[PDB]
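Here's start-v8.txt, which has compact mmCIF, C-alpha atoms:
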# COMPACT_ATOMS: atom_id res chain seq x y z
CA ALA A 2 -15.11 12.95 4.59
CA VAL A 3 -14.04 10.01 2.39
CA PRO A 4 -14.44 6.67 4.24
CA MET A 5 -11.49 4.34 4.72
CA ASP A 6 -11.12 0.79 5.89
CA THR A 7 -10.85 0.27 9.65
CA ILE A 8 -7.34 -0.13 11.07
CA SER A 9 -6.50 -2.66 13.80
CA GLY A 10 -3.19 -2.19 15.55
CA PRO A 11 -0.52 -1.74 14.49
CA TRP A 12 1.14 -4.08 16.97
CA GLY A 13 4.84 -3.65 17.75
CA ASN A 14 7.17 -0.72 18.23
CA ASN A 15 7.96 2.76 16.99
CA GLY A 16 11.17 2.00 15.13
CA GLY A 17 11.65 2.10 11.38
CA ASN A 18 9.50 3.84 8.77
CA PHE A 19 5.73 3.62 8.19
CA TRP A 20 4.42 1.40 5.39
CA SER A 21 0.95 0.62 4.05
CA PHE A 22 -0.52 -1.76 1.49
CA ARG A 23 -4.21 -2.19 0.76
CA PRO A 24 -4.62 -3.35 -2.84
CA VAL A 25 -7.98 -3.22 -4.59
CA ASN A 26 -8.14 -6.98 -5.15
CA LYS A 27 -7.35 -9.81 -2.78
CA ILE A 28 -3.88 -10.50 -1.38
CA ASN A 29 -3.27 -14.03 -2.63
CA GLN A 30 0.40 -14.56 -1.71
CA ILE A 31 2.61 -13.73 1.26
CA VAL A 32 6.33 -14.39 1.45
CA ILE A 33 8.07 -14.36 4.84
CA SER A 34 11.84 -13.76 4.50
CA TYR A 35 14.28 -14.89 7.18
CA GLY A 36 17.82 -13.95 8.07
CA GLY A 37 20.62 -15.18 10.28
CA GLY A 38 20.51 -18.75 9.00
CA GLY A 39 17.52 -19.47 11.23
CA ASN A 40 13.81 -18.79 11.60
CA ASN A 41 14.23 -15.01 12.11
CA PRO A 42 11.70 -12.97 10.10
CA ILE A 43 13.26 -9.88 8.58
CA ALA A 44 10.88 -9.02 5.70
CA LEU A 45 7.30 -9.61 4.50
CA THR A 46 6.05 -9.49 0.94
CA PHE A 47 2.34 -9.15 0.16
CA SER A 48 1.08 -9.56 -3.37
CA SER A 49 -2.18 -9.52 -5.28
CA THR A 50 -1.68 -11.22 -8.63
CA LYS A 51 -4.63 -11.16 -11.05
CA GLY A 54 -0.06 -11.90 -14.33
CA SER A 55 -0.61 -8.22 -13.47
CA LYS A 56 0.38 -7.61 -9.88
CA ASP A 57 0.30 -5.29 -6.93
CA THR A 58 3.10 -6.00 -4.47
CA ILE A 59 5.06 -4.60 -1.58
CA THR A 60 8.05 -5.84 0.43
CA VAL A 61 8.67 -4.35 3.87
CA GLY A 62 11.69 -5.00 6.06
CA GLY A 63 14.92 -6.31 4.62
CA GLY A 64 16.38 -2.79 4.30
CA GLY A 65 19.80 -3.66 5.68
CA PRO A 66 22.83 -5.63 4.54
CA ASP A 67 22.00 -8.96 6.16
CA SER A 68 21.32 -11.67 3.61
CA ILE A 69 17.96 -13.38 3.34
CA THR A 70 18.80 -16.99 4.25
CA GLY A 71 15.37 -18.54 3.78
CA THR A 72 11.71 -17.97 3.00
CA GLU A 73 8.27 -19.47 3.50
CA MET A 74 5.20 -18.77 1.38
CA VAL A 75 1.49 -18.58 1.95
CA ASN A 76 -0.55 -19.21 -1.20
CA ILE A 77 -4.15 -18.21 -0.55
CA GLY A 78 -6.74 -20.26 -2.44
CA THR A 79 -9.59 -18.85 -4.56
CA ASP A 80 -12.23 -19.35 -1.86
CA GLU A 81 -9.77 -18.43 0.95
CA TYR A 82 -9.24 -14.95 2.46
CA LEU A 83 -7.34 -13.41 5.37
CA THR A 84 -9.24 -12.91 8.64
CA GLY A 85 -6.60 -12.59 11.37
CA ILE A 86 -2.95 -12.23 12.30
CA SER A 87 -1.03 -13.01 15.46
CA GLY A 88 2.61 -13.36 16.44
CA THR A 89 5.30 -12.13 18.78
CA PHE A 90 7.76 -9.29 19.12
CA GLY A 91 11.16 -9.61 20.74
CA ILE A 92 14.88 -9.16 20.38
CA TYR A 93 16.76 -9.99 17.20
CA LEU A 94 20.25 -8.50 16.85
CA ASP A 95 19.59 -6.13 19.77
CA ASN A 96 16.43 -4.66 18.19
CA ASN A 97 12.86 -5.34 19.28
CA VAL A 98 11.15 -6.58 16.12
CA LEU A 99 8.68 -9.12 14.76
CA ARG A 100 9.90 -12.58 15.81
CA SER A 101 6.96 -14.69 14.66
CA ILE A 102 3.76 -14.25 12.70
CA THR A 103 0.72 -16.36 11.80
CA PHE A 104 -1.74 -15.52 8.98
CA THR A 105 -5.22 -16.87 9.68
CA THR A 106 -7.85 -17.18 6.98
CA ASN A 107 -11.44 -18.30 6.81
CA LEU A 108 -10.04 -21.82 6.30
CA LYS A 109 -7.00 -22.23 8.57
CA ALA A 110 -4.05 -20.75 10.38
CA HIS A 111 -0.87 -20.57 8.30
CA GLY A 112 2.36 -20.48 10.25
CA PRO A 113 3.83 -19.83 12.67
CA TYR A 114 6.60 -18.18 10.71
CA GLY A 115 9.41 -17.65 13.21
CA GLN A 116 9.69 -19.11 16.71
CA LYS A 117 7.50 -18.49 19.73
CA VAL A 118 9.72 -16.09 21.59
CA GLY A 119 8.99 -12.67 23.00
CA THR A 120 5.69 -10.98 23.66
CA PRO A 121 2.49 -12.13 21.92
CA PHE A 122 -0.02 -10.11 19.92
CA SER A 123 -3.23 -11.05 18.13
CA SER A 124 -5.88 -9.33 16.07
CA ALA A 125 -9.52 -10.02 16.91
CA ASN A 126 -10.87 -12.67 14.52
CA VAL A 127 -14.39 -11.26 14.07
CA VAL A 128 -17.65 -12.37 12.40
CA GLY A 129 -18.00 -11.33 8.75
CA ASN A 130 -14.71 -9.42 8.65
CA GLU A 131 -11.93 -9.70 6.09
CA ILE A 132 -8.38 -8.40 6.30
CA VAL A 133 -7.95 -6.48 3.05
CA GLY A 134 -4.49 -5.00 3.63
CA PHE A 135 -1.67 -4.39 6.06
CA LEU A 136 0.21 -1.43 7.50
CA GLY A 137 3.06 -1.08 9.95
CA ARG A 138 6.62 0.05 10.39
CA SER A 139 9.83 -1.43 9.07
CA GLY A 140 13.49 -0.84 8.43
CA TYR A 141 16.10 -3.56 8.45
CA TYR A 142 13.42 -5.72 10.12
CA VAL A 143 9.66 -5.51 10.71
CA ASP A 144 9.00 -3.12 13.60
CA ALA A 145 5.20 -3.17 13.63
CA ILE A 146 2.23 -4.57 11.77
CA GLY A 147 -1.48 -4.01 11.71
CA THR A 148 -4.45 -4.64 9.45
CA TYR A 149 -7.06 -2.96 7.27
CA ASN A 150 -10.50 -4.50 7.73
CA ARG A 151 -13.73 -4.58 5.74
CA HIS A 152 -17.06 -6.38 6.10
CA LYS A 153 -17.11 -9.30 3.66
CA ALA B 2 0.37 3.80 19.83
CA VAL B 3 2.57 2.78 16.90
CA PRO B 4 2.86 5.95 14.82
CA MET B 5 1.58 6.23 11.28
CA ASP B 6 2.34 8.89 8.67
CA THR B 7 -0.17 11.74 8.61
CA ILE B 8 -2.97 11.64 6.05
CA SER B 9 -4.16 14.58 3.99
CA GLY B 10 -7.50 14.17 2.29
CA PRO B 11 -8.60 11.98 0.70
CA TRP B 12 -10.31 14.32 -1.71
CA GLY B 13 -13.16 12.99 -3.89
CA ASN B 14 -16.08 10.79 -2.99
CA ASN B 15 -17.27 7.61 -1.29
CA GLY B 16 -17.57 5.40 -4.39
CA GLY B 17 -15.48 2.32 -5.06
CA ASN B 18 -13.39 0.64 -2.41
CA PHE B 19 -10.48 1.76 -0.28
CA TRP B 20 -6.84 1.46 -1.39
CA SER B 21 -3.52 2.44 0.19
CA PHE B 22 0.14 2.44 -0.85
CA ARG B 23 3.00 3.77 1.25
CA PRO B 24 6.19 1.94 0.27
CA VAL B 25 9.35 2.13 2.38
CA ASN B 26 11.42 3.71 -0.39
CA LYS B 27 10.59 6.62 -2.63
CA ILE B 28 7.82 6.54 -5.21
CA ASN B 29 9.83 7.24 -8.37
CA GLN B 30 7.32 6.44 -11.11
CA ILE B 31 3.66 7.12 -11.78
CA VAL B 32 1.75 5.81 -14.77
CA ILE B 33 -1.56 7.46 -15.65
CA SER B 34 -3.84 5.24 -17.77
CA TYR B 35 -6.44 6.86 -20.00
CA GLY B 36 -9.66 5.57 -21.53
CA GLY B 37 -12.24 6.65 -24.05
CA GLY B 38 -9.72 7.61 -26.72
CA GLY B 39 -9.10 10.87 -24.91
CA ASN B 40 -7.65 12.57 -21.89
CA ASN B 41 -9.74 10.62 -19.34
CA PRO B 42 -7.77 9.15 -16.43
CA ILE B 43 -9.06 5.71 -15.50
CA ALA B 44 -6.17 4.31 -13.41
CA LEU B 45 -3.02 5.31 -11.58
CA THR B 46 0.00 3.09 -11.03
CA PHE B 47 2.49 4.10 -8.35
CA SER B 48 5.81 2.33 -8.03
CA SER B 49 9.01 2.44 -6.07
CA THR B 50 12.13 0.89 -7.52
CA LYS B 51 14.75 -0.04 -4.99
CA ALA B 52 18.54 -0.19 -5.16
CA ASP B 53 18.31 -4.04 -5.30
CA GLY B 54 16.19 -3.78 -8.46
CA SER B 55 12.85 -4.92 -7.04
CA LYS B 56 9.78 -2.74 -7.48
CA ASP B 57 6.89 -2.16 -5.10
CA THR B 58 3.79 -1.27 -7.13
CA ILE B 59 0.05 -0.70 -7.00
CA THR B 60 -2.52 0.02 -9.72
CA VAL B 61 -5.77 1.67 -8.61
CA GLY B 62 -8.73 2.23 -10.92
CA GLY B 63 -8.99 0.35 -14.20
CA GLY B 64 -11.16 -2.38 -12.66
CA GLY B 65 -13.69 -2.37 -15.51
CA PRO B 66 -13.88 -3.50 -19.14
CA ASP B 67 -12.61 -0.09 -20.43
CA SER B 68 -9.79 -0.36 -22.97
CA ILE B 69 -6.70 1.62 -22.05
CA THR B 70 -6.33 4.01 -24.96
CA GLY B 71 -3.30 5.92 -23.74
CA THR B 72 -0.77 6.41 -20.97
CA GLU B 73 1.44 9.12 -19.56
CA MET B 74 4.37 8.61 -17.18
CA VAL B 75 5.93 10.68 -14.42
CA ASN B 76 9.55 9.78 -13.81
CA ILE B 77 10.82 11.29 -10.57
CA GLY B 78 14.56 12.01 -10.58
CA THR B 79 17.20 11.12 -7.97
CA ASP B 80 17.03 14.48 -6.15
CA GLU B 81 13.28 14.93 -6.82
CA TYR B 82 10.42 13.94 -4.55
CA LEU B 83 6.64 14.40 -4.41
CA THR B 84 5.35 17.33 -2.37
CA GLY B 85 1.76 17.95 -3.50
CA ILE B 86 -1.17 16.88 -5.62
CA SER B 87 -4.12 18.78 -7.09
CA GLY B 88 -6.75 18.07 -9.69
CA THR B 89 -10.47 17.83 -10.31
CA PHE B 90 -13.37 15.44 -9.77
CA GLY B 91 -16.32 15.28 -12.16
CA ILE B 92 -18.40 13.11 -14.46
CA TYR B 93 -16.90 10.48 -16.76
CA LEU B 94 -19.33 7.95 -18.27
CA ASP B 95 -21.92 8.94 -15.61
CA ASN B 96 -19.50 8.24 -12.72
CA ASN B 97 -18.17 11.02 -10.43
CA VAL B 98 -14.46 10.31 -10.54
CA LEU B 99 -11.01 11.85 -10.81
CA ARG B 100 -10.94 13.87 -14.06
CA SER B 101 -7.50 15.48 -13.77
CA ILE B 102 -4.47 15.32 -11.54
CA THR B 103 -1.15 17.09 -11.17
CA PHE B 104 1.79 15.71 -9.21
CA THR B 105 3.97 18.45 -7.78
CA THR B 106 7.51 17.79 -6.60
CA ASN B 107 10.21 19.85 -4.96
CA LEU B 108 11.32 20.71 -8.50
CA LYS B 109 8.20 21.22 -10.60
CA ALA B 110 4.56 20.43 -11.33
CA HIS B 111 4.02 17.39 -13.56
CA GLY B 112 0.73 17.39 -15.46
CA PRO B 113 -2.01 18.17 -15.67
CA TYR B 114 -3.04 14.65 -16.59
CA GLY B 115 -6.66 15.05 -17.74
CA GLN B 116 -8.82 18.07 -18.57
CA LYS B 117 -9.78 20.96 -16.28
CA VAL B 118 -13.37 19.99 -15.74
CA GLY B 119 -15.29 19.44 -12.52
CA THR B 120 -14.55 20.49 -9.01
CA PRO B 121 -10.97 21.36 -8.02
CA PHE B 122 -8.97 20.03 -5.11
CA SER B 123 -5.44 20.68 -3.87
CA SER B 124 -3.18 19.48 -1.10
CA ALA B 125 -1.20 22.00 0.93
CA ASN B 126 2.32 22.23 -0.48
CA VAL B 127 4.93 22.60 2.30
CA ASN B 130 7.13 18.04 3.69
CA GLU B 131 7.25 15.02 1.45
CA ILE B 132 4.43 12.89 0.07
CA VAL B 133 5.55 9.35 0.92
CA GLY B 134 2.44 7.47 -0.19
CA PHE B 135 -1.13 7.67 -1.45
CA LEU B 136 -4.49 6.31 -0.39
CA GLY B 137 -8.00 6.68 -1.72
CA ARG B 138 -10.93 4.83 -3.22
CA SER B 139 -11.28 3.23 -6.62
CA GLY B 140 -13.17 0.82 -8.80
CA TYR B 141 -13.49 1.17 -12.54
CA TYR B 142 -12.02 4.68 -12.02
CA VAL B 143 -10.39 6.68 -9.26
CA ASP B 144 -13.09 7.80 -6.82
CA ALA B 145 -10.86 9.52 -4.22
CA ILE B 146 -7.21 10.23 -3.54
CA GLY B 147 -5.18 11.54 -0.63
CA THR B 148 -1.61 11.49 0.64
CA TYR B 149 0.64 10.20 3.39
CA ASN B 150 3.07 12.87 4.57
CA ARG B 151 6.40 12.96 6.42
CA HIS B 152 8.87 15.79 6.96
Before we go any further, please render this structure as structure tokens.
Amino acid sequence: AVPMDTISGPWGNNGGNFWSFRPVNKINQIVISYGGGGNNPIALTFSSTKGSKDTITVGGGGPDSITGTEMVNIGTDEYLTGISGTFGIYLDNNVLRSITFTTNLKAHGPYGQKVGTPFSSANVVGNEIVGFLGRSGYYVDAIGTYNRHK
Amino acid sequence: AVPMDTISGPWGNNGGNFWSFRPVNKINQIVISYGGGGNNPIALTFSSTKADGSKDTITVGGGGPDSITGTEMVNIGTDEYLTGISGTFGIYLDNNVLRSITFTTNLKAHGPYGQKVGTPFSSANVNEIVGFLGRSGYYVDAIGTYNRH
């Protein structure tokens, strides 16, 4: 059997469609997209840009306009180590309401407001988040991580 | 637990590092990169172009100094979707890596990309392939599929 990186989570709900993104090189940018004219996350973009690029956007599958974004730019000596956030109701659906991206250097976020039910990965010694997986549709229904010893 | 799409394989070996790509919309293009001035696959690029014109994309393999000496492209049509893969693993430049691959859809087999050398593998064709995962480095060390009815 061919080994694969360890999955944590996903956290969230069973709605939407499965997605997965574990690029060979480091994820160095994340874009959080909001809708509704407020701090309501509806999509996430993860990219690994070496100008050649691997990239995925999940969520944002519906008609509602993206009304704002925030960006995490991960430095050369910086790498993802944890995520946390909340799930709760947005437009009658239980979806990601806030997320934080923690690295070896700092927590980035929170992106979205502290409402709903919390989740957190285990920030563990020597571990790196090397990708993400989850579920999404119009919004982000679930998210988890791929993990590898640094 | 939060469900995930079912994995078949991966087929191949434990070299390189893990990769995964399951975009929300359909994979409609594959680019096979060749090295060595011949029919030797060194990288695979999967992409999904959406109605809004953005493209999700990953390139796996091709991590080394190898010049890309050729490419082939699979363009999947509107009513076409991936259903199976098959191919072989064997030696390229003293590495045991993907040597050939075929991408089968509901309409036809595309390929083979690479020569029939080494050890064969095949997925079970039934179901839609909605993503790929595997291992890679300089080359493609392993590949498998995500599946959904």
By how many Å are atom CA of residue B:98 and atom CA of residue A:136 apart?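 Answer for the atom CA of residue B:98 to atom CA of residue A:136 separation: 26.0 Å.
The two atoms in question, atom CA of residue A:2 and atom CA of residue B:86, are spaced 17.7 Å apart.
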Hey, could you make a per-residue contact list for chain A against chain B with 8 Å as the cut-off, showing the nearest pair of atoms and its distance in Å to one decimal, counting all atoms listed in the file, sorted by chain and number, as JSON lines?
{"residue": "A:2", "atom": "CA", "partner": "B:11", "partner_atom": "CA", "distance": 7.6}
{"residue": "A:3", "atom": "CA", "partner": "B:15", "partner_atom": "CA", "distance": 5.5}
{"residue": "A:4", "atom": "CA", "partner": "B:15", "partner_atom": "CA", "distance": 6.3}
{"residue": "A:5", "atom": "CA", "partner": "B:19", "partner_atom": "CA", "distance": 5.7}
{"residue": "A:6", "atom": "CA", "partner": "B:19", "partner_atom": "CA", "distance": 6.3}
{"residue": "A:10", "atom": "CA", "partner": "B:3", "partner_atom": "CA", "distance": 7.7}
{"residue": "A:11", "atom": "CA", "partner": "B:3", "partner_atom": "CA", "distance": 6.0}
{"residue": "A:12", "atom": "CA", "partner": "B:3", "partner_atom": "CA", "distance": 7.0}
{"residue": "A:13", "atom": "CA", "partner": "B:3", "partner_atom": "CA", "distance": 6.9}
{"residue": "A:14", "atom": "CA", "partner": "B:3", "partner_atom": "CA", "distance": 5.9}
{"residue": "A:15", "atom": "CA", "partner": "B:3", "partner_atom": "CA", "distance": 5.4}
{"residue": "A:18", "atom": "CA", "partner": "B:25", "partner_atom": "CA", "distance": 6.6}
{"residue": "A:19", "atom": "CA", "partner": "B:5", "partner_atom": "CA", "distance": 5.8}
{"residue": "A:20", "atom": "CA", "partner": "B:23", "partner_atom": "CA", "distance": 5.0}
{"residue": "A:21", "atom": "CA", "partner": "B:23", "partner_atom": "CA", "distance": 4.7}
{"residue": "A:22", "atom": "CA", "partner": "B:22", "partner_atom": "CA", "distance": 4.9}
{"residue": "A:23", "atom": "CA", "partner": "B:21", "partner_atom": "CA", "distance": 4.7}
{"residue": "A:24", "atom": "CA", "partner": "B:20", "partner_atom": "CA", "distance": 5.5}
{"residue": "A:25", "atom": "CA", "partner": "B:20", "partner_atom": "CA", "distance": 5.8}
{"residue": "A:56", "atom": "CA", "partner": "B:59", "partner_atom": "CA", "distance": 7.5}
{"residue": "A:57", "atom": "CA", "partner": "B:59", "partner_atom": "CA", "distance": 4.6}
{"residue": "A:58", "atom": "CA", "partner": "B:57", "partner_atom": "CA", "distance": 5.4}
{"residue": "A:59", "atom": "CA", "partner": "B:57", "partner_atom": "CA", "distance": 4.7}
{"residue": "A:60", "atom": "CA", "partner": "B:57", "partner_atom": "CA", "distance": 6.7}
{"residue": "A:61", "atom": "CA", "partner": "B:25", "partner_atom": "CA", "distance": 6.7}
{"residue": "A:137", "atom": "CA", "partner": "B:5", "partner_atom": "CA", "distance": 7.6}
{"residue": "A:139", "atom": "CA", "partner": "B:25", "partner_atom": "CA", "distance": 7.6}
{"residue": "A:140", "atom": "CA", "partner": "B:25", "partner_atom": "CA", "distance": 7.9}
{"residue": "A:145", "atom": "CA", "partner": "B:3", "partner_atom": "CA", "distance": 7.3}
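If you measure from each of A:9, A:97, A:41, A:49 to residue A:135 using all atoms listed in the file, the closest one turns out to be A:9.
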List the spatial neighbours of residue B:70 as a list in words - criterion: any atom at most 12 Å away, only C-alpha atoms, same-chain residues fewer than 6 positions off excluded.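 Counting only C-alpha atoms, the residues come to residues 33, 34, 35, 36, 37, 38, 39, 40, 41, 42, 43, 44 and 63 of chain B.
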Counting only C-alpha atoms, the option among B:29, B:68, B:9, B:120 closest to residue B:106: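 Smallest separation from residue B:106 among the options: B:29.
Separating atom CA of residue B:94 from atom CA of residue B:142 is a distance of 10.2 Å.
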For residue A:106, please output as a list in words all residues within 8 Å (counting only C-alpha atoms; exclusion window: fewer than 2 positions along the same chain).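 My list of contacting residues is residues 81, 82, 83, 84, 85, 104, 108, 109, 110 and 111 of chain A.
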Within-12 Å shell of (16.1, 14.8, -8.5) in input frame, all atoms listed in the file, as an MDAnalysis selection string: chainID B and resid 27 29 76:83 106:109
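Taking all atoms listed in the file into account, residue B:152 lies nearest to B:7 out of the set B:7, B:116, B:124, B:50.
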May I have the protein, DNA and RNA residues with any atom at most 12 Å from the point (18.1, -9.3, 19.5), counting only C-alpha atoms, written as a list in words?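 These residues have at least one counted atom within 12 Å: residues 37, 41, 42, 43, 90, 91, 92, 93, 94, 95, 96, 97, 98, 99, 100, 118, 119 and 142 of chain A.
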Would you pick out the contacts of residue B:92 at 10 Å or less, using all atoms listed in the file, so that residues sharing its chain but fewer than 5 positions from it are not included, and give the list as a list in words?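 Residues near the query, excluding close chain neighbours: residues 97, 98, 99, 100, 118, 119 and 120 of chain B.
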Could stretch 59-78 of chain B be completed with N, CA, C and O atoms and written as a PDB file, in the frame of the given file, please?
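In the end it all went to out.pdb:
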ATOM      1  N   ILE B  59       1.492  -0.550  -7.100  1.00  0.00           N
ATOM      2  CA  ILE B  59       0.050  -0.700  -7.000  1.00  0.00           C
ATOM      3  C   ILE B  59      -0.587  -0.029  -8.209  1.00  0.00           C
ATOM      4  O   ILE B  59      -0.096   0.994  -8.666  1.00  0.00           O
ATOM      5  N   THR B  60      -1.686  -0.595  -8.712  1.00  0.00           N
ATOM      6  CA  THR B  60      -2.520   0.020  -9.720  1.00  0.00           C
ATOM      7  C   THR B  60      -3.914   0.156  -9.091  1.00  0.00           C
ATOM      8  O   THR B  60      -4.470  -0.817  -8.565  1.00  0.00           O
ATOM      9  N   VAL B  61      -4.465   1.356  -9.178  1.00  0.00           N
ATOM     10  CA  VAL B  61      -5.770   1.670  -8.610  1.00  0.00           C
ATOM     11  C   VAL B  61      -6.620   2.284  -9.719  1.00  0.00           C
ATOM     12  O   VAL B  61      -6.102   3.038 -10.550  1.00  0.00           O
ATOM     13  N   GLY B  62      -7.907   1.949  -9.756  1.00  0.00           N
ATOM     14  CA  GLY B  62      -8.730   2.230 -10.920  1.00  0.00           C
ATOM     15  C   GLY B  62      -8.474   1.187 -11.989  1.00  0.00           C
ATOM     16  O   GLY B  62      -7.684   0.260 -11.813  1.00  0.00           O
ATOM     17  N   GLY B  63      -9.164   1.300 -13.120  1.00  0.00           N
ATOM     18  CA  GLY B  63      -8.990   0.350 -14.200  1.00  0.00           C
ATOM     19  C   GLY B  63      -9.614  -1.010 -13.965  1.00  0.00           C
ATOM     20  O   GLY B  63      -9.264  -1.949 -14.669  1.00  0.00           O
ATOM     21  N   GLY B  64     -10.545  -1.116 -13.033  1.00  0.00           N
ATOM     22  CA  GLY B  64     -11.160  -2.380 -12.660  1.00  0.00           C
ATOM     23  C   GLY B  64     -12.229  -2.871 -13.624  1.00  0.00           C
ATOM     24  O   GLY B  64     -12.716  -3.987 -13.486  1.00  0.00           O
ATOM     25  N   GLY B  65     -12.607  -2.046 -14.589  1.00  0.00           N
ATOM     26  CA  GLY B  65     -13.690  -2.370 -15.510  1.00  0.00           C
ATOM     27  C   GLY B  65     -13.210  -2.810 -16.875  1.00  0.00           C
ATOM     28  O   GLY B  65     -12.017  -2.971 -17.083  1.00  0.00           O
ATOM     29  N   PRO B  66     -14.162  -3.012 -17.788  1.00  0.00           N
ATOM     30  CA  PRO B  66     -13.880  -3.500 -19.140  1.00  0.00           C
ATOM     31  C   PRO B  66     -13.268  -2.473 -20.095  1.00  0.00           C
ATOM     32  O   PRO B  66     -12.832  -2.879 -21.163  1.00  0.00           O
ATOM     33  N   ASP B  67     -13.208  -1.209 -19.680  1.00  0.00           N
ATOM     34  CA  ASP B  67     -12.610  -0.090 -20.430  1.00  0.00           C
ATOM     35  C   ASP B  67     -11.256  -0.401 -21.048  1.00  0.00           C
ATOM     36  O   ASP B  67     -10.341  -0.743 -20.331  1.00  0.00           O
ATOM     37  N   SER B  68     -11.115  -0.235 -22.358  1.00  0.00           N
ATOM     38  CA  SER B  68      -9.790  -0.360 -22.970  1.00  0.00           C
ATOM     39  C   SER B  68      -8.926   0.816 -22.529  1.00  0.00           C
ATOM     40  O   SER B  68      -9.404   1.941 -22.389  1.00  0.00           O
ATOM     41  N   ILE B  69      -7.657   0.544 -22.273  1.00  0.00           N
ATOM     42  CA  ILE B  69      -6.700   1.620 -22.050  1.00  0.00           C
ATOM     43  C   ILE B  69      -6.277   2.133 -23.413  1.00  0.00           C
ATOM     44  O   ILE B  69      -5.688   1.393 -24.214  1.00  0.00           O
ATOM     45  N   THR B  70      -6.616   3.386 -23.678  1.00  0.00           N
ATOM     46  CA  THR B  70      -6.330   4.010 -24.960  1.00  0.00           C
ATOM     47  C   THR B  70      -5.123   4.941 -24.968  1.00  0.00           C
ATOM     48  O   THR B  70      -4.751   5.467 -26.008  1.00  0.00           O
ATOM     49  N   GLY B  71      -4.496   5.120 -23.818  1.00  0.00           N
ATOM     50  CA  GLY B  71      -3.300   5.920 -23.740  1.00  0.00           C
ATOM     51  C   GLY B  71      -2.691   5.887 -22.355  1.00  0.00           C
ATOM     52  O   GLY B  71      -3.338   5.519 -21.392  1.00  0.00           O
ATOM     53  N   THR B  72      -1.433   6.279 -22.258  1.00  0.00           N
ATOM     54  CA  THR B  72      -0.770   6.410 -20.970  1.00  0.00           C
ATOM     55  C   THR B  72       0.149   7.613 -20.989  1.00  0.00           C
ATOM     56  O   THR B  72       0.634   8.024 -22.037  1.00  0.00           O
ATOM     57  N   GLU B  73       0.366   8.160 -19.802  1.00  0.00           N
ATOM     58  CA  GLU B  73       1.440   9.120 -19.560  1.00  0.00           C
ATOM     59  C   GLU B  73       2.213   8.687 -18.306  1.00  0.00           C
ATOM     60  O   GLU B  73       1.690   7.994 -17.437  1.00  0.00           O
ATOM     61  N   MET B  74       3.479   9.067 -18.228  1.00  0.00           N
ATOM     62  CA  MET B  74       4.370   8.610 -17.180  1.00  0.00           C
ATOM     63  C   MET B  74       5.042   9.812 -16.543  1.00  0.00           C
ATOM     64  O   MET B  74       5.466  10.765 -17.232  1.00  0.00           O
ATOM     65  N   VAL B  75       5.108   9.773 -15.217  1.00  0.00           N
ATOM     66  CA  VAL B  75       5.930  10.680 -14.420  1.00  0.00           C
ATOM     67  C   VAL B  75       7.146   9.885 -13.951  1.00  0.00           C
ATOM     68  O   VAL B  75       7.013   8.858 -13.272  1.00  0.00           O
ATOM     69  N   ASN B  76       8.326  10.345 -14.330  1.00  0.00           N
ATOM     70  CA  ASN B  76       9.550   9.780 -13.810  1.00  0.00           C
ATOM     71  C   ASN B  76      10.209  10.793 -12.883  1.00  0.00           C
ATOM     72  O   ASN B  76      10.593  11.872 -13.289  1.00  0.00           O
ATOM     73  N   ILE B  77      10.293  10.429 -11.613  1.00  0.00           N
ATOM     74  CA  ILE B  77      10.820  11.290 -10.570  1.00  0.00           C
ATOM     75  C   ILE B  77      12.325  11.059 -10.460  1.00  0.00           C
ATOM     76  O   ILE B  77      12.776   9.931 -10.343  1.00  0.00           O
ATOM     77  N   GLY B  78      13.106  12.128 -10.576  1.00  0.00           N
ATOM     78  CA  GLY B  78      14.560  12.010 -10.580  1.00  0.00           C
ATOM     79  C   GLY B  78      15.202  11.750  -9.227  1.00  0.00           C
ATOM     80  O   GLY B  78      14.560  11.871  -8.212  1.00  0.00           O
TER      81      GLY B  78
END
